[PDB]
Amino acid sequence: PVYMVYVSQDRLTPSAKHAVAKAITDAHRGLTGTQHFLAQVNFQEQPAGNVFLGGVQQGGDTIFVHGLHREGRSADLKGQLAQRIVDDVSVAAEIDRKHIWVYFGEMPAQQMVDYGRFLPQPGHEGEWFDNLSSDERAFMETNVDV
Amino acid sequence: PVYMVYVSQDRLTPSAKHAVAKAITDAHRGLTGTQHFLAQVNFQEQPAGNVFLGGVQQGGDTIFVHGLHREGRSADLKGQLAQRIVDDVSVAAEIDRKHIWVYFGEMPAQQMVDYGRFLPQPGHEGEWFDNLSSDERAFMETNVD
Amino acid sequence: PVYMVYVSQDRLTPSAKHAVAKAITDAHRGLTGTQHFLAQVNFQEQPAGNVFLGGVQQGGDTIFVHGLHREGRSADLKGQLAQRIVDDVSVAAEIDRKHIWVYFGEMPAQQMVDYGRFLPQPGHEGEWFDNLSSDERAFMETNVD
């Protein structure tokens with residue numbers, strides 16, 4: 001997946017950013033079984049004051065996660081995954097859940113490219129990864145945290 | 001809603017950001033009935049020159065509004081809303097309509113969370129809000145201009 | 001289309017941004033027939049270190065292209081287009097293909113506005129353009145490289 005995470009500049013330290021990325025990555029892996037290295041977390045920082053809620057300028061505490069997924073998962077699982085992102089990002093960023101918005105968008109795997117390759121259908125990541133070249137598997141496997 | 005608004009840095013001063021965000025917010029409430037406080041307008045600024053149209057580098061006037069909505073509204077209503085955003089952002093930003101791009105994407109409400117809560121189906125915002133906890137209600141009601 | 005291109009700050013010089021924007025734009029016009037000036041390439045730069053893959057902080061080499069399209073093209077065509085974007089961005093940016101991610105989202109043309117006007121269905125780009133006003137066509141025709 002690609003998780004676009006919109007946050008205010010300097011709201012999250014380098015350590016907090018690593019924690020939030022790990023919370024999202026672990027939630028995705030844990031609930032979908034997709035490999036660690038396929039989860040992209042992409043932080044989009046903007047100055048505090050660039051978020052408005054009901055026309056009211058906000059401080060630096062809003063977090064919007066825009067998750068870009070393949071089609072094919074159940075509403076039940078998607079709901080579990082959004083709730084776990086809310087809960088675990090709240091802990092990782094030390095931020096009240098009321099500040100956290102989470103939207104999942106879905107597209108056919110056939111129009112979705114990670115690491116320059118077209119994605120498989122959900123749940124068939126094993127078939128897919130076994131079909132990757134040695135160099136691609138090696139590059140992929142370095143993008144997993146200890 | 002979440003409206004991602006992609007603009008060149010400083011094209012909208014702080015007060016113009018407020019005017020643009022209030023115009024989008026009012027248009028969304030006016031045409032859908034969704035409370036003011038559910039409208040998020042999230043300004044994404046980039047240096048001028050990062051926008052290309054037909055391969056040609058642009059100055060600082062293009063505005064792209066990417067609206068993320070719940071599924072469930074009619075094509076007619078979404079057309080009216082997109083036109084009003086074009087019209088009312090043109091006035092708030094004092095910018096030519098020909099600089100304004102607006103795309104709406106839709107998702108099932110069941111995979112959409114505002115303020116840490118899953119959204120209801122469209123015209124159901126009232127009962128949904130009433131059934132939130134008292135602290136949640138109080139927090140969103142601060143976010144009304 | 002609107003192509004949001006997420007890159008690290010200073011990874012692409014102005015020359016390389018132009019080459020990347022041209023590669024995507026040529027790819028889209030060449031496989032869809034849509035006119036040049038309708039392809040927006042919108043570079044979103046962030047400090048290197050804001051991209052994580054599997055929890056690991058990245059350098060400045062990742063590129064994510066989020067293309068936002070009208071509904072109605074075949075999966076075959078979309079696959080050809082995504083692949084050409086991988087290939088031609090890899091050359092233009094001098095970056096390995098393994099660093100490049102490309103997702104396409106699609107939306108009904110009726111909730112999609114370029115240059116302040118609603119888009120037509122794919123393939124109808126010529127008739128739509130002729131119905132626009134002289135000043136709208138003049139503005140758009142300057143956006144061809």
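Per chain, numbering begins at 1; letters A, B, ... match sequence-line order.
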Below 4.5 Å from any heavy atom of chain A, which atoms of B/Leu38 appear? Answer side chain, backbone, both or neither. backbone
State, without any angle test, whether B/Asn143 and A/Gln58 hold a side-chain donor-acceptor pair at a distance under 3.5 Å. yes
Pairwise distance OG(A/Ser74) to CD(B/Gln110) - rounded to 0.5 angstrom: 11.5 Å
Residue pair B/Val113 / A/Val86, side-chain heavy-atom distance below 4.5 Å: yes
Rounded to the nearest 0.5 Å, what separates atom NE2 in A/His66 from atom NE2 in B/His66? 6.5 Å
Which atoms of A/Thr62 are under 4.5 Å from chain B, going by heavy atoms: the side chain, the backbone, both sets, or neither? side chain
Can the ring centres of B/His69 and A/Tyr103 be said to be less than 6.0 Å apart? no
Top of B/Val41, B/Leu12, B/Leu119, B/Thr25 for chain A proximity - count of heavy-atom pairs under 4.5 angstrom: B/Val41
Identify which part of B/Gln40 has an atom lying under 4.5 Å from any heavy atom of chain A, answering side chain, backbone, both or neither. both
Measuring heavy-atom distances to chain B, does A/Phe104 have an atom under 4.5 Å in its side chain, in its backbone, in both, or in neither? both
Is there a side-chain contact between A/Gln46 and B/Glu45 in this structure, where contact means two heavy atoms from C-beta onward sitting under 4.5 Å apart? yes
Check for a donor-acceptor pair, side chain of A/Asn50 on one end and backbone N or O of B/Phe43 on the other, with a separation under 3.5 Å. yes
Can you confirm whether A/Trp101 sits close enough to B/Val2 that some side-chain heavy atom of one is under 4.5 Å from a side-chain heavy atom of the other? yes
In this structure, are over 12 heavy atoms from other groups packed under 6.0 Å from A/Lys22 atom NZ? no
For the CG atom on B/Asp130, are there more than 12 heavy atoms of other groups (residues, nucleotides or ligands in this structure) within a distance under 6.0 Å? yes
Look up atom CG in A/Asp96 and atom CD in B/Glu136, then write down how far apart they are to the nearest 0.5 Å. 9.0 Å
Which bit of A/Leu53 comes within less than 4.5 Å of chain B, counting heavy atoms only: side chain, backbone, both or neither? both
Between A/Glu106, A/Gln44, A/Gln57, A/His99, which has the largest tally of heavy atom pairs under 4.5 Å with chain B? A/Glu106
Over all heavy atoms of both residues, which pair between B/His18 and A/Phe52 is shortest? Give the atoms and the distance, please. CA-CE2, 3.6 Å
Taking the six-membered ring of B/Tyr115 as reference, does the cationic atom of A/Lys98 (NZ for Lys, CZ for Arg) lie under 6.0 Å from its centre and within 45° of its axis? no
Honestly, the part of B/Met4 sitting under 4.5 Å from a heavy atom of chain A is side chain
